[PDB]
Amino acid sequence: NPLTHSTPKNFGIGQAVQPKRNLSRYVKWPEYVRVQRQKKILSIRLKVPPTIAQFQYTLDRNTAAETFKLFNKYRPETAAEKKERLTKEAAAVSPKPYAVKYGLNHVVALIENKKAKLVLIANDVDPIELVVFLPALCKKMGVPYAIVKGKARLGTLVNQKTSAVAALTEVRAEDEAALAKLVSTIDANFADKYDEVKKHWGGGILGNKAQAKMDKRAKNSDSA
Amino acid sequence: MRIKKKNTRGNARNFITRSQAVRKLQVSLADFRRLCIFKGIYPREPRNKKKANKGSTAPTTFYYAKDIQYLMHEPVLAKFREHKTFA
Amino acid sequence: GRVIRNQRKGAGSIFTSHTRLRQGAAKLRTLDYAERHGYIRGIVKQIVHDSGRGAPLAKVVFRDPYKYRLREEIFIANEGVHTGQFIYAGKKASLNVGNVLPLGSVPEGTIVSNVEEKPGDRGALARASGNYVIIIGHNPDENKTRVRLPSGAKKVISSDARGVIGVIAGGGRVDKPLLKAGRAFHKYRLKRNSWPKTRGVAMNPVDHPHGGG
Amino acid sequence: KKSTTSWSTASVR
Amino acid sequence: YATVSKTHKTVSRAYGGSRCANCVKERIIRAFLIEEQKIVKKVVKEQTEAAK
RNA sequence: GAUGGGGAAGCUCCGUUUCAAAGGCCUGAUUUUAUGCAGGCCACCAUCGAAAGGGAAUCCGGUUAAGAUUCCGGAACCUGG
RNA sequence: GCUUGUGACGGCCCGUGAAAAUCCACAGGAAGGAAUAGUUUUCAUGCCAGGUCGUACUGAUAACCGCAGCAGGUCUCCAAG
RNA sequence: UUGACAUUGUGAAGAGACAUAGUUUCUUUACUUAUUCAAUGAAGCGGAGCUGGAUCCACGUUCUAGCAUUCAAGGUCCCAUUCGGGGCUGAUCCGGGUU
Ligand SMILES: [Mg+2]
Ligand SMILES: [Mg+2]
Ligand SMILES: [Mg+2]
Ligand SMILES: [Mg+2]
Ligand SMILES: [Mg+2]
Ligand SMILES: [Mg+2]
Ligand SMILES: [Mg+2]
Ligand SMILES: [Mg+2]
Ligand SMILES: [Mg+2]
């Protein structure tokens with residue numbers, strides 16, 4: 001095509017106007033976005049005491065999937081089907097219910113009475129003091145527990161938006177073996193595997209540029 | 001009376017482009033097209049395209065501003081919003 | 001006691017600067033990528049008088065590196081700079097009168113003007129007419145530059161700090177006698193209300209500490 | 001006919 | 001100037017109105033000569049790189 | 001001289017674009033997931049402050065007890081559509 | 001000749017002697033536009049409209065201020081032999 | 001103007017006490033996350049390229065009062081060619097720091 005020619009643009013300094021580029025790194029974000037990002041960065045940068053840093057160790061993907069598979073079979077009664085049962089109770093005048101136990105006070109009381117077969121504790125609870133004592137309480141009472149990612153996931157378990165805790169107290173005879181196997185799996189995967197590393201402090205992580213400076217200084221010290 | 005500004009009266013107020021109509025209705029383009037089909041709103045040709053579109057000769061779809069203002073009161077628009085909330 | 005003028009001047013009031021006829025604040029360009037890494041060429045469009053300032057000013061037009069338009073800067077004119085001259089600003093600019101360069105990019109004995117105290121503050125030192133700064137030396141390890149100021153002081157500045165090659169034009173202004181209270185009047189009319197001055201001795205004991213006798 | 005509210009329709013095509 | 005035709009406000013040339021004839025002539029000469037010198041500089045730089 | 005903010009026990013004070021998610025416009029059969037808005041562009045701060053500064057465009061003749069470049073007659077001009 | 005407006009100049013400054021609204025022009029070319037038919041409302045003519053408030057009179061040895069119809073004070077234009 | 005206490009955090013080295021396993025003080029030297037100053041159009045920062053040429057540089061800009069703007073022309077791969085439309089590149093990659 002003789003009518004089309006190649007006319008390259010010089011994007012150097014003092015040359016043609018710079019093209020549009022991705023300036024996402026330099027965006028002046030809204031104050032709330034900046035606050036949440038810098039808050040997470042500060043949580044990473046500061047040294048974290050062990051009783052808070054223990055919540056960064058959670059179940060693996062497969063074990064969490066199996067746990068939620070077991071709990072979804074005991075998801076509690078909704079508002080619509082409670083109406084159905086009460087209509088049946090009105091005419092008859094119901095079997096024993098099996099349901100996931102939830103509510104912070106209720107589950108803490110069940111742990112103190114040694115009735116919870118398994119306790120799930122959400123990791124992203126704010127304020128964290130609401131569950132910061134729960135692993136130690138479960139250990140002292142001998143209650144099997146697991147820290148899981150997602151209070152929203154626990155909320156979907158108990159028909160809520162969020163849920164700081166979930167508890168399996170009584171299970172059916174067609175799921176008792178699954179519950180026992182899950183307890184042993186959690187003991188091997190979360191209790192014994194993370195028993196020592198939860199006694200350490202966390203969050204001694206440098207920023208990107210500070211880490212690069214430290215590495216360059218160490219290299220210049222070791223060789224010239 | 002002070003001097004009046006140009007591009008405000010006549011063709012410039014009589015006709016509204018499709019982008020401006022969609023923005024005023026605060027709906028999507030597909031919902032706007034379906035509303036116009038249901039209500040029988042049809043594109044129009046001004047006798048002076050430059051006067052209607054600020055001197056630009058670029059091809060644009062034009063509507064009647066009063067037709068779009070009448071389309072603002074159609075309850076099917078509220079039904080569309082209800083369906084979106086349900087979805 | 002009664003408040004003296006030395007204390008009355010702090011409130012502002014009738015003591016503010018007379019800024020109606022000023023051309024604008026005389027500053028260097030904002031230190032950007034072009035001046036940090038390469039250079040940028042601007043053109044001297046005119047050389048103008050600034051009311052209340054001895055030194056003349058130069059209007060220098062650059063091209064915006066990120067948008068199609070022109071950018072206007074107000075420099076203090078160094079002696080020998082003329083209209084239509086090409087000014088070069090950046091780390092890679094040549095050693096010529098009127099060019100803006102970092103203090104680390106110039107050799108020892110270089111005469112500069114409109115020198116930054118900190119890099120990017122757009123000119124702080126040697127701005128009055130006939131004044132200049134001498135590059136005494138360099139400390140590359142700390143990236144510092146030793147300079148001599150018009151008052152004879154020796155200062156240590158960051159080498160990233162910039163300056164204009166040459167000496168501020170309009171020198172020799174103070175060599176001419178005013179001869180006249182009227183010429184002093186017209187001088188301070190464009191600056192501020194600090195003229196005429198009444199001696200504190202001529203004042204009353206309430207008026208001034210030097211008053212009375 | 002007359003509007004009692006700020007937002008009215010009144011149905012004139 | 002809004003009340004008159006375009007003939008009263010222009011002359012029939014590039015930059016008619018805004019710039020006068022001698023300034024237009026000077027910028028035409030300058031554009032042509034500088035573009036030719038740019039071609040010369042590019043050829044010289046490429047030859048110097050090849051011979052280096 | 002408000003707002004965003006920040007002081008002050010407080011009536012209120014600072015400051016005037018900052019320290020703010022401060023608002024407009026273009027294209028779309030967005031390769032269709034089947035009734036849910038996608039892709040882009042440009043960016044700066046209210047309001048008040050002059051009947052001597054800036055500023056669209058009108059003249060002559062006649063007329064009243066008292067009006068007059070305003071009314072009457074004739075002749076123009078500007079702005080917007 | 002007087003007054004006044006304007007032009008081209010000359011002198012003076014360590015004094016070099018407002019801003020904004022608004023209007024026009026250029027550069028550029030997203031585009032649109034004809035053959036038995038288009039284009040151009042920066043050429044002429046033709047059509048329609050222009051709201052609110054002020055408008056009398058004195059402006060001073062009697063209409064303002066000085067307790068007054070007070071020899072005081074109070075900004076400016078035109079100006080004949 | 002001077003001193004103390006609080007705001008106030010993290011390491012390494014040299015010195016201490018349980019009578020030669022790590023529980024806390026004194027100095028020395030670093031660090032950044034608090035706090036502080038300044039600027040911007042929060043535009044090009046930091047690090048690395050089997051990137052290139054010779055540890056250093058971009059070899060993309062220095063006779064001249066010109067010009068530089070419409071997802072960038074071009075290269076290449078598709079479409080179903082139709083007035084054109086997509087992707088990679090042109091314009092290296094990575095970052096949990098606007099400078
Ligand atoms: Mg005396
Ligand atoms: Mg105030
Ligand atoms: Mg006003
Ligand atoms: Mg006036
Ligand atoms: Mg009269
Ligand atoms: Mg009349
Ligand atoms: Mg009158
Ligand atoms: Mg009186
Ligand atoms: Mg009185």
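Just so we're on the same page: letters track the sequence lines, and every chain starts at 1. When reading the values below, keep in mind they use all heavy atoms of this one structure, side chains included, and skip hydrogens, waters and symmetry mates.
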Crowding at [atom1], [X] (>12 non-hydrogen neighbours, <6.0 Å):
{"X": "A:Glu89", "atom1": "CD", "value": "yes"}
{"X": "A:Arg61", "atom1": "CZ", "value": "no"}
{"X": "A:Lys198", "atom1": "NZ", "value": "yes"}
{"X": "A:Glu84", "atom1": "CD", "value": "no"}
{"X": "A:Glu81", "atom1": "CD", "value": "yes"}
{"X": "B:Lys24", "atom1": "NZ", "value": "yes"}
{"X": "A:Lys213", "atom1": "NZ", "value": "no"}

Check: Does the pair A:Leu157 and A:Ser163 meet the rule for a side-chain contact (heavy atoms from CB on, under 4.5 Å), with working shown?
Finding: CA-CA 8 Å; A:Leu157 218 55; A:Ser163 182; over 6 Å; no
Notebook entry, point to check: In terms of the angle between their ring planes, are A:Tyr194 and A:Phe190 parallel, tilted or perpendicular, with boundaries placed at 30° and 60°?
Noted result: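 Rings of A:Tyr194 and A:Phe190: perpendicular, as their planes differ by over 60°.
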Between [X] and [Y], does any side-chain N to carboxylate O distance fall below 4.0 Å?
{"X": "E:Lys52", "Y": "E:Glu49", "result": "no"}
{"X": "B:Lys39", "Y": "B:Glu74", "result": "yes"}
{"X": "C:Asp64", "Y": "C:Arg69", "result": "yes"}
{"X": "A:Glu170", "Y": "A:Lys96", "result": "yes"}
{"X": "A:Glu77", "Y": "A:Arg85", "result": "yes"}

Check for a donor-acceptor pair, side chain of [X] on one end and backbone N or O of [Y] on the other, with a separation under 3.5 Å.
{"X": "B:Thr85", "Y": "B:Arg81", "result": "yes"}
{"X": "D:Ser3", "Y": "D:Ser8", "result": "no"}
{"X": "A:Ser221", "Y": "A:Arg217", "result": "no"}
{"X": "B:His83", "Y": "B:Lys79", "result": "no"}
{"X": "C:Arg162", "Y": "C:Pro102", "result": "no"}
{"X": "A:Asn10", "Y": "A:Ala16", "result": "no"}
{"X": "A:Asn1", "Y": "A:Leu3", "result": "yes"}
{"X": "B:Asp31", "Y": "B:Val27", "result": "no"}
{"X": "B:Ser56", "Y": "B:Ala58", "result": "no"}
{"X": "C:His138", "Y": "C:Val106", "result": "yes"}

Next item on the list: For this output row, return yes or no: ring centroids of B:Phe32 and B:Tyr63 closer than 6.0 angstrom.
Entry: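 Centroid distance B:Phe32-B:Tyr63: below 6.0 Å, so yes.
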If you look at every heavy atom in [X] and [Y], which pair is closest and at what distance?
{"X": "A:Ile111", "Y": "A:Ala116", "answer": "CG1-CB, 4.4 Å"}
{"X": "A:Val158", "Y": "A:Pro76", "answer": "CA-CD, 3.9 Å"}
{"X": "A:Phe55", "Y": "A:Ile128", "answer": "CD1-CD1, 4.3 Å"}
{"X": "A:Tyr102", "Y": "A:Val165", "answer": "CB-O, 3.9 Å"}
{"X": "C:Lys118", "Y": "C:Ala161", "answer": "C-CB, 4.5 Å"}
{"X": "B:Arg13", "Y": "B:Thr8", "answer": "CB-O, 3.3 Å"}

Pairing donors with acceptors under 3.5 angstrom, does anything connect the side chains of [X] and [Y]?
{"X": "B:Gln26", "Y": "B:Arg23", "value": "no"}
{"X": "A:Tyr74", "Y": "A:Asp175", "value": "yes"}
{"X": "C:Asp32", "Y": "C:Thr30", "value": "no"}
{"X": "A:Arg75", "Y": "A:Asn72", "value": "yes"}
{"X": "A:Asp60", "Y": "A:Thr63", "value": "yes"}
{"X": "A:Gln211", "Y": "A:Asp215", "value": "yes"}
{"X": "A:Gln15", "Y": "A:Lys9", "value": "no"}

Notebook entry, point to check: Within 45 degrees of the axis of the six-membered ring of C:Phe62 and under 6.0 Å from its centre: does C:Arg29 put its NZ or CZ there?
Noted result: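 C:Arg29 over C:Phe62 ring: yes.
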Notebook entry, point to check: From C:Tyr39 OH over to C:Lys91 NZ, what is the distance, rounded to the nearest 0.5 angstrom?
Noted result: 13.0 Å
Next item on the list: Can you measure from NZ (A:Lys149) to OG1 (A:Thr58) and round to the nearest 0.5 angstrom?
Entry: 4.5 Å
Less than 4.5 Å apart, side chain to side chain, heavy atoms only: is that true for [X] and [Y]?
{"X": "A:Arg34", "Y": "A:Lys39", "value": "no"}
{"X": "A:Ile121", "Y": "A:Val148", "value": "no"}
{"X": "A:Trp201", "Y": "A:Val48", "value": "no"}
{"X": "A:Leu154", "Y": "A:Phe68", "value": "yes"}
{"X": "A:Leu168", "Y": "A:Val119", "value": "no"}
{"X": "C:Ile40", "Y": "C:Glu35", "value": "yes"}

Note to self: Working note: A:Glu66 + A:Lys69, criterion salt bridge (charged side-chain N to carboxylate O under 4.0 Å, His left out); need CA distance, chi angles, decisive distance, verdict.
What the structure shows: CA-CA 5 Å; A:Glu66 296 306 301; A:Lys69 173 180 298 178; 3.5 Å; yes
Notebook entry, point to check: Would A:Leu120 and A:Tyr145 satisfy side-chain contact (heavy atoms from CB on, under 4.5 Å), going step by step from the backbone distance to the final call?
Noted result: CA-CA 6 Å; A:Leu120 312 178; A:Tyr145 76 100; over 6 Å; no
